[PDB]
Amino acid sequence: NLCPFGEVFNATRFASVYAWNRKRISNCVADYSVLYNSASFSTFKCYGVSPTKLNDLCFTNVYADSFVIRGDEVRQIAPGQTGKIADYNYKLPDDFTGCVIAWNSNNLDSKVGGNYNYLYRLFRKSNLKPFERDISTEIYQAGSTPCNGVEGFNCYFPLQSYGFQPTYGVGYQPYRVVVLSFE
């Protein structure tokens, strides 16, 4: 039996980056040569492993994480990066071994008038630890006075929408990302 990579790469909808999905992949043979040879990927960067010389290996567990981000945010899906996405949404470890795969999905995830389904966390007190997922929606307190769930001055809703529109610039367009880490 093959690995369910089509179930991940060709999934109908992707998750918001803040609520990124993780697919546990075990007990299957995978053909990563079929993956790399697909010229339909904008980003295919591997860390700690050569991309082509990957088919003949043996790892205990493989994780396929996937989400949507902006074009200009794809560079943040890499070890030792800083920024909104890497600090507050999806963090890779510094000693990451695995691959980051991405491709433009403007014709799937952007809608006229804005697709407000995809979100990202704008506010968080501390940075995420590697492979941490924060899905809370509590009002972010930015001053001394507590918020008690009322948005206002110094009281900010933590998630914001990308509003993907087909006429966006490439840097603001939606990109689908698949992060393969090898245990």
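A residue's number is simply how far along the shown sequence it sits, counting from 1.
- Mean CA B-factor, 57 to 65 versus 138 to 146: the higher value falls on 57 to 65.
- Between 120 to 128 and 40 to 48, it is 40 to 48 that carries the larger average Cα temperature factor according to the deposited entry.
- Of the residues listed, 14, 175, 18, 9, the entry assigns the biggest Cα temperature factor to 9.
- Looking at the C-alpha B-factors along this chain, the one for residue 180 belongs to the middle third.
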